[PDB]
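Working notes for the structure below.
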Amino acid sequence: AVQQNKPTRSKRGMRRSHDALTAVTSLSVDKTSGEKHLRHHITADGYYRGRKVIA
Amino acid sequence: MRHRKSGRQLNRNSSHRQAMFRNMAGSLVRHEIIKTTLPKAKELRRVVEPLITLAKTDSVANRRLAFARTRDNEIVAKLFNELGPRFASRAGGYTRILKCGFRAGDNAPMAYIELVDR
Amino acid sequence: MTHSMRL
Amino acid sequence: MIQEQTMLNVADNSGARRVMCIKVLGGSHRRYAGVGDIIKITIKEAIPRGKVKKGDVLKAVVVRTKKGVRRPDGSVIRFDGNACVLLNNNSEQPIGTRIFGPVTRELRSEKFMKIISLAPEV
Amino acid sequence: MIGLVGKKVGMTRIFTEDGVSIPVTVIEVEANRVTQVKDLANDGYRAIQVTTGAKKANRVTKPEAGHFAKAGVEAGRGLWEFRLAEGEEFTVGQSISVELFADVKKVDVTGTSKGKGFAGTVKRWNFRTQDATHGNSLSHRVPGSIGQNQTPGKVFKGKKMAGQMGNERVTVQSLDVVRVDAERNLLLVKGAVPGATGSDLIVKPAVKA
Amino acid sequence: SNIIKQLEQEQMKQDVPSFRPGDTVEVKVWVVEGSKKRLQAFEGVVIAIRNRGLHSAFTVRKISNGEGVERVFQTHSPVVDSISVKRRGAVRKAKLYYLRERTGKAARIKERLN
RNA sequence: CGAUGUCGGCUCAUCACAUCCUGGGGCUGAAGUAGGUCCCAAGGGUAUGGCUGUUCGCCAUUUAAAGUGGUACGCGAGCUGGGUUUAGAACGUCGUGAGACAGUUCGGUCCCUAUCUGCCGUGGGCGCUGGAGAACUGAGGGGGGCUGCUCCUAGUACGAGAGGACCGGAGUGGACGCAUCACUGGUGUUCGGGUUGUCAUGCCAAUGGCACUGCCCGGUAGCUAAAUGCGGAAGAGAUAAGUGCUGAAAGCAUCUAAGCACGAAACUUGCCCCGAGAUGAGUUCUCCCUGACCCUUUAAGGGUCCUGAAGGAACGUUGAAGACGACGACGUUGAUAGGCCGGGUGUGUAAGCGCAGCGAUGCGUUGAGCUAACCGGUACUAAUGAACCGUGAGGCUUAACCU
RNA sequence: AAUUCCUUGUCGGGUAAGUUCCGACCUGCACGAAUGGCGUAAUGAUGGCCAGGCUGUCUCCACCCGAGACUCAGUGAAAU
RNA sequence: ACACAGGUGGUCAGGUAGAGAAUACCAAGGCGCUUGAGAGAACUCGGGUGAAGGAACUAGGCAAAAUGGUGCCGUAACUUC
RNA sequence: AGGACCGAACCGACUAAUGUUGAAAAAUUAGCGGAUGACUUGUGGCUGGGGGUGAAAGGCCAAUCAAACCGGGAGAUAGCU
Ligand SMILES: CC[C@H]1OC(=O)[C@H](C)[C@@H](O[C@H]2C[C@@](C)(OC)[C@@H](O)[C@H](C)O2)[C@H](C)[C@@H](O[C@@H]2O[C@H](C)C[C@H](N(C)C)[C@H]2O)[C@](C)(O)C[C@@H](C)C(=O)[C@H](C)[C@@H](O)[C@]1(C)O
């Protein structure tokens, strides 16, 4: 259950080496408006692939 | 180990799942576009599309089956009167999912599910 | 309770 | 699927009405007995006028199982109630004369041919 | 001789006229075209490489496009090798159908078995479940003890534990061929071969004769 | 599938009389005892039918001399030579395992007269 | 002694060989069968129950056999807690007594979320000297290796007779393992039906909610065993005990010193699986890059602009792939998923209407209606044009050749 | 024998097989008559033993339904 | 010690089925218990079903399964009747 | 009638499982016992530390009992760590 002695700050950083959050590669541009959005998502202004979907 | 098994459990039991799908089908037929989560939207596709296919023939027995699967007479009225003659041409695919970001509270994947008329 | 005890 | 402690009925008229399997003979760690399989039994209930008494440890052969035997055709014949024919402890020959009810054609071999030439159905 | 690459198409049974029913696995053995032939001049060992099936022309990369278009063949899914045991010579592009298995009597089928996922020790290694009652506390299908004490002081390598079950290469040997269809390019073998329906199988003649 | 269904429909027997459960049916089956082959009657109650194409089966329950016997016949097996429906019974289930729980007067069932 | 938790049982083992079985031999007071005894051999195997807290033991019944030990009398951060050994109470006995008793009896809280090593799995990074996509050789590592019975030879060899083979050859089982659901079954709270109580949909009729899925009856696909296929090998090498051939030392003799041949489930291969991080980083095939300049510590140097290639990743639809990564299919030049259509399966003759009945209900329409995960099709819906990473012919030395 | 060491006394019953149980015999190590002896109907969340029914206790596990465990976002300990 | 599955005296007590203040479903009325979203591995918890067998489990039938209501019929030894 | 019987409230705590850095410093869940009495409960009193009270376990006396707590002798004493 408990440790026999405490780990180092080195073994702590090596453990946290795999915790880096991936960035989004690039946001895509809509054809009509030009606003950035995620792929396969609608924009904030409700456009998807050049079509006004939500009011 | 889930090999070729359909249906999502959605962290509910069977009665809660069935009642939740009945409520969501009522809200979708009522408002014609609803915001929900993504897997609930896919399961809602598999629930609400047979009701629209049931509305394609208007009889007493089919309206009673639609009442048995929606329990709202205003919903079965709107189905058999509006969504029947409107969706008469297209064969399947009466609905459309569109992803809309993430929820602010629980970071849940959002979606709009709507009918193909608007 | 003399089960873990070396008695 | 007769294992030990299974209570079988008796197919012939040796005197017992109910026997119990105490050992499935043949092979180390053997679990079950089908139709072709000798079992060692003890006698739990006998008629008062019979050839064998209660508490006799002898051998028997299963003739009917509720699990049922499978034919090479894909078929399966499942009886109702488990049954055995009692045998001589060393001679391997049956004790009673008449044999009640059906048996299987799986049983067809020399000593059980002596058995099977007595049964009404096969 | 060499094996052929086919696809597992379900299971059924055939009825021999004697009365016996035998379960067969149906293996669709398409035309196997030889792409590249290895010989011990360049490679040190002699072999053939075959492909079968078909792929999309937009799903083929230019390395494998050039490798298929180098010698006479068309694009199939996958490439496999066969080791040419002493006395077979094959031109590239040679179509190899199921007549060699029309001659043969026993066969070995190799496939990737169905993946059972992370399984426990009871499912993977046929461990005996402990007591369900009589006092037991949270330890019904747990693996028991895994080692002795201070004297090893460590678990031994190859100790049977839980983990990935399924999804691995399995060979089944000495399966009898019951029928060979050349107009349907089918292969009926007796019994059960590893994989799901539609999985790619390798069919070699039997070695343990 | 397309290949499995094809192989099985060329395996399937052409003429088999359609019956429903509850029908008293007598099956004549082939029986081999070495050199000589024989035909053997098994008359009982059809209690279960499993329609699967070539893999169809039907279970028949018959009370022999003191005992209850149940035989599952593969329909398109070659050892089944003839199936003849002798009495048509009018149960309303598709399976009749309560006849396994019953005996005597309780195990009789009404005739159809469709 | 500022704590190293006991006996027995369960689960999981692992090694030694002083071998219980199987295997190989020598001698026998070895006719055969079956033994005894000794040598070689550790590959595999090596019961179930009754009694007892028991290890042990006795007993019953099998088996080819029911090995003997080590591993904190293996194994409680894996389980149990019957026994001993807390506090209660009693018996016999001892003691004036409080009380005591390897004497008995009834009752009596078993904590831990794993940091490191280890082990089972599964990934990311970088390397492998231009990058990429594949297919392999395989150094090495692991798994597996059990055996009965019946028949033939042959009732022959052997033996007065009773009995009864070696060697060899098939068949058929038991335990064990791997695989897969075609069969036979289980499950199937996502399918159909019955039914009880109550509430609601205005009511009737019809349905729905809740009562453990209310209780049940069947049952699709998946998963699965008790279901069904397969396996253990043959052969090869080198041998152990043992048996030899030729042969001196030692005119003989001698399996041995020279030389030669046999000889076991052990060893190395043969079968199966992993495997080039095998840093000794391998081989083969295919594909992709063919631009200009300046600076300085003119170095396997830095920088700027122009080009971003093969491919990859990301995203999306997903999968008999999966904890997550990964792996696989597809992304409209499209059957990847849902829907839809047709079928199949399952359940059992829907509702409504009409007839018979006083009625419950029965009959006709009607093998109807409904059908999950299945099958074959169909772009109806969702898989967006892109952007992002990855470059611009890839060092030195020596050899062999080509112009 | 809630008492018995030797001891699983010996015989009987029950079991295929019974160190426990039941009935006996007395060799009472070390019962015994109000620190009561021997019975005893009824009672007991009382101790032991046997039987019928019943069953996943077990042979030997399999599948399903939910709650965690697993991933994502928010908050965020502890023994050592 | 906590916005803590505990504890805390009295009064009122509707409908249907029910002997009932049990129990099931409801009315008046009040709540959905102050982290959610997915996925659908091992293992753990709480349940459901299970072929053949039926205590072989185990210290011990522990735990489960079974039994279960009303009316009538019938009911042994023993007994302090 | 009954320290009668079955069985809710109420009182208790026999078995199992879970919890054991708990939801809880003694619980929950599923069964379990008594339930007109030697019953249970509210409010208020009385008994006190070698003392009380005890259908008796050395049990209980404010999460403390083979002599409560608080404060003072007091920096008791410690051949011991
Ligand atoms: C709820 C959780 C509680 O622990 C338990 O109940 C377990 C189950 C006890 O075993 C209980 C129950 C039991 C039978 O042991 C299982 C009994 O023998 C002991 C005396 O008490 C433990 C572990 C005992 O240790 C043991 O003490 C022995 C004297 C020596 C032994 N050592 C040699 C290894 C050691 O581990 C002991 C003393 O209580 C530990 C001390 C630290 C505690 O008091 C702590 C606070 C515990 O009460 C606890 C953690 O809250």
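Chains: A, B, ... in order of the structure tokens. Residues: from 1 per chain. Ligands: from 1, in order shown.
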Do you know which residues are at most 8 Å from range 68-80 of chain G counting only C-alpha atoms (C1' of nucleotides), after dropping those on the same chain fewer than 5 positions away, and could you put them as a list in words?
residues 1 of chain A; 130, 134, 135, 136, 137, 139, 142, 143, 144, 145, 146, 147, 148, 149, 150, 151 and 152 of chain E; 9, 10, 11, 14, 15, 16, 18, 110 and 112 of chain G
Store the residues of this selection in a file with C-alpha atoms (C1' of nucleotides), as a PDB file, in the first residue's frame.
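Writing done, so here's result_16.pdb:
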ATOM      1  CA  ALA A   1       0.000   0.000   0.000  1.00  0.00           C
TER       2      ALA A   1
ATOM      3  CA  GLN E 130     -12.880 -20.827  -5.206  1.00  0.00           C
ATOM      4  CA  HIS E 134     -18.750 -20.772   3.587  1.00  0.00           C
ATOM      5  CA  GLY E 135     -17.153 -17.501   4.525  1.00  0.00           C
ATOM      6  CA  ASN E 136     -15.549 -16.239   1.308  1.00  0.00           C
ATOM      7  CA  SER E 137     -14.703 -12.527   1.134  1.00  0.00           C
ATOM      8  CA  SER E 139     -12.327 -13.685  -3.686  1.00  0.00           C
ATOM      9  CA  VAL E 142      -9.425 -14.244  -8.212  1.00  0.00           C
ATOM     10  CA  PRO E 143      -6.246 -16.130  -9.253  1.00  0.00           C
ATOM     11  CA  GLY E 144      -5.306 -17.387  -5.781  1.00  0.00           C
ATOM     12  CA  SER E 145      -1.644 -17.413  -4.870  1.00  0.00           C
ATOM     13  CA  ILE E 146       0.977 -16.312  -7.388  1.00  0.00           C
ATOM     14  CA  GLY E 147       4.194 -17.331  -5.681  1.00  0.00           C
ATOM     15  CA  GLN E 148       5.742 -18.979  -2.698  1.00  0.00           C
ATOM     16  CA  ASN E 149       7.633 -16.809  -0.211  1.00  0.00           C
ATOM     17  CA  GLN E 150      11.019 -15.293   0.624  1.00  0.00           C
ATOM     18  CA  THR E 151      12.993 -18.120  -0.988  1.00  0.00           C
ATOM     19  CA  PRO E 152      12.144 -17.300  -4.616  1.00  0.00           C
TER      20      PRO E 152
ATOM     21  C1'   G G   9      -8.531 -26.691   4.254  1.00  0.00           C
ATOM     22  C1'   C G  10      -9.069 -23.787  -0.715  1.00  0.00           C
ATOM     23  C1'   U G  11      -6.690 -21.470  -5.009  1.00  0.00           C
ATOM     24  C1'   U G  14       7.655 -24.688  -8.418  1.00  0.00           C
ATOM     25  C1'   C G  15      12.059 -27.648  -7.931  1.00  0.00           C
ATOM     26  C1'   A G  16      15.060 -32.223  -6.446  1.00  0.00           C
ATOM     27  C1'   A G  18      16.479 -41.147  -3.034  1.00  0.00           C
ATOM     28  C1'   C G 110      -9.139 -11.897  10.203  1.00  0.00           C
ATOM     29  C1'   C G 112      -4.653  -2.287   3.919  1.00  0.00           C
TER      30        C G 112
END
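With only C-alpha atoms (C1' of nucleotides) and all ligand atoms counted, the chains near ligand 1 contribute these residues within 9 Å: residues 1, 2, 3, 4, 5 and 6 of chain C; 3, 4, 5, 76, 109, 110, 111 and 112 of chain G; 20 of chain J.
Per DSSP on the backbone, strand (DSSP E or B) in chain B comprises residues 33, 34, 35, 36, 37, 95, 96, 97, 98, 99, 100, 101, 102, 109, 110, 111, 112, 113, 114 and 115 of chain B.
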Generate a file of the selected residues that holds N, CA and C atoms, formatted as a short mmCIF file (atom, residue, chain, number, x, y, z; two decimals), in the first residue's frame.
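Below you can see result.cif, which holds the result:
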data_model
loop_
_atom_site.label_atom_id
_atom_site.label_comp_id
_atom_site.auth_asym_id
_atom_site.auth_seq_id
_atom_site.Cartn_x
_atom_site.Cartn_y
_atom_site.Cartn_z
N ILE B 33 -36.56 20.09 -34.03
CA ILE B 33 -35.12 20.13 -33.83
C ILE B 33 -34.84 20.17 -32.33
N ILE B 34 -34.07 19.22 -31.83
CA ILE B 34 -33.72 19.23 -30.42
C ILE B 34 -32.22 19.07 -30.27
N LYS B 35 -31.70 19.67 -29.21
CA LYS B 35 -30.31 19.54 -28.82
C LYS B 35 -30.20 18.44 -27.78
N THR B 36 -29.20 17.58 -27.93
CA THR B 36 -29.00 16.47 -27.00
C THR B 36 -27.54 16.07 -27.04
N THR B 37 -27.22 14.96 -26.38
CA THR B 37 -25.87 14.43 -26.49
C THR B 37 -25.76 13.57 -27.74
N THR B 95 -34.13 11.85 -40.50
CA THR B 95 -33.50 12.61 -39.44
C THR B 95 -32.06 12.94 -39.80
N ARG B 96 -31.48 13.89 -39.06
CA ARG B 96 -30.17 14.43 -39.36
C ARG B 96 -29.48 14.86 -38.07
N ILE B 97 -28.26 14.36 -37.86
CA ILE B 97 -27.42 14.70 -36.72
C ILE B 97 -26.44 15.77 -37.16
N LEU B 98 -26.22 16.77 -36.31
CA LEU B 98 -25.16 17.75 -36.50
C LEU B 98 -24.49 18.02 -35.16
N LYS B 99 -23.17 17.86 -35.11
CA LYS B 99 -22.41 18.04 -33.89
C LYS B 99 -22.21 19.52 -33.61
N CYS B 100 -22.40 19.92 -32.36
CA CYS B 100 -22.28 21.31 -31.96
C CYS B 100 -21.47 21.45 -30.67
N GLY B 101 -20.15 21.38 -30.78
CA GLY B 101 -19.27 21.64 -29.66
C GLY B 101 -19.43 20.67 -28.49
N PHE B 102 -19.18 21.21 -27.30
CA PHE B 102 -19.22 20.44 -26.07
C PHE B 102 -20.00 21.20 -25.01
N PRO B 109 -20.19 15.67 -25.37
CA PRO B 109 -20.34 15.96 -26.80
C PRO B 109 -21.78 16.23 -27.20
N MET B 110 -22.05 17.44 -27.69
CA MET B 110 -23.39 17.86 -28.03
C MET B 110 -23.71 17.53 -29.49
N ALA B 111 -25.01 17.55 -29.79
CA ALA B 111 -25.50 17.36 -31.15
C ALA B 111 -26.89 17.97 -31.31
N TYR B 112 -27.21 18.39 -32.52
CA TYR B 112 -28.58 18.71 -32.88
C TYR B 112 -29.13 17.57 -33.72
N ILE B 113 -30.29 17.05 -33.34
CA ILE B 113 -30.98 16.07 -34.16
C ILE B 113 -32.27 16.71 -34.64
N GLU B 114 -32.51 16.64 -35.95
CA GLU B 114 -33.63 17.33 -36.55
C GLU B 114 -34.23 16.48 -37.65
N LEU B 115 -35.37 16.91 -38.16
CA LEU B 115 -36.01 16.21 -39.27
C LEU B 115 -35.61 16.85 -40.59
#
At a cut-off of 8 Å, which residues of chain G touch chain A? Count only C-alpha atoms (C1' of nucleotides) and give the answer as a PyMOL selection string.
chain G and resi 77+112-116+124+314-316+384+386-388
Non-local contacts of residue 103 in chain F (12 Å; only C-alpha atoms (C1' of nucleotides); under 5 positions in same chain excluded) as a VMD selection string:
(chain D and resid 80) or (chain F and resid 61 to 63 66 to 68 97 to 98 108 to 109)
For residue 60 in chain F: contacts at 7 Å, only C-alpha atoms (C1' of nucleotides), fewer than 2 positions along chain excluded, given as number ranges by chain:
F: 44-47, 58, 62, 70-72
What's around range 58-63 of chain H at 7 Å? Count only C-alpha atoms (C1' of nucleotides), leave out sequence neighbours fewer than 2 positions away in its own chain, and write the answer as an MDAnalysis selection string.
(chainID G and resid 187 224) or (chainID I and resid 56:57)
Taking only C-alpha atoms into account, what are the residues of chain A at most 9 Å from chain B, put as a compact mmCIF listing (two decimals) with C-alpha atoms, in the first residue's frame?
# COMPACT_ATOMS: atom_id res chain seq x y z
CA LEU A 38 -13.84 22.01 -35.70
CA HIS A 40 -17.67 17.91 -38.68
CA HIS A 41 -19.08 20.50 -36.25
CA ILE A 42 -21.27 23.49 -37.03
CA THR A 43 -19.91 26.97 -36.50
CA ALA A 44 -20.80 29.22 -33.60
CA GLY A 46 -24.76 27.91 -37.05
CA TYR A 48 -22.15 23.76 -41.60
CA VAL A 53 -28.72 25.01 -40.06
CA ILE A 54 -29.71 26.44 -36.66
Tell me, as a ChimeraX atom specification, which residues lie within 10 Å of residue 26 in chain B, counting only C-alpha atoms (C1' of nucleotides); anything in the same chain fewer than 4 positions away does not count.
/B:20-22,30-32,48,69-72,74-76
